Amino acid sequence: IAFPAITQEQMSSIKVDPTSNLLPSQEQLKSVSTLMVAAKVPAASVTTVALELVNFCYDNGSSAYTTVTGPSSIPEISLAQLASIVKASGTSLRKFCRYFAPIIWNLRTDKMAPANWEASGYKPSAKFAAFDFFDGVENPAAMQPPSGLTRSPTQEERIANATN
């Protein structure tokens, strides 16, 4: 017998929470905010302050070798510092941004397009798709805006980002 049969107890007892290879784990998220609070970000502000790094990645990329620059709204914590804190939890900057994709979507879509949309391959009509964690926008496990998306992406937007 290769695998012993499962007992009924083992099946009540087994731990099966949804999983993702595209989002940081729950534990990883907790580490990031714990460390953020320790770094002196107010506990109330950790989400809004994270979004500052997310915004930066919306323009500049969220790749493991993207150069994060500039200050955050907390003195003596730069965006680069927050990025390091993110990496300290063992997730990547990309997965972390992806987790907040729907919020930054509501914040920037039809208001201020990715800064470099034209330098990347994009038609003006697919503009709002030109960030590297766009695939997070329609992820239901990603953090959601309080009243849902301001609109869905257009099929042109979905396609434009996939074909990149």
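The numbering used is simple: start at 1 and walk along the sequence shown.
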key: Comparing 89-97 with 73-81, the one whose average Cα B-factor in the PDB entry is higher   = 73-81
ask   = What stretch has the higher average Cα B-factor here, 49-57 or 63-71?
value = 63-71
key: Per the PDB entry, maximal CA B factor within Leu149, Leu22, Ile14, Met143   = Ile14
ask   = If you compare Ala119, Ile104, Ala130, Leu35, which has the highest Cα B-factor in the entry?
value = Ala119
request  = Would you mind ranking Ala126 by its C-alpha B-factor against the rest of the chain and naming the third, lowest, middle or highest?
outcome  = highest
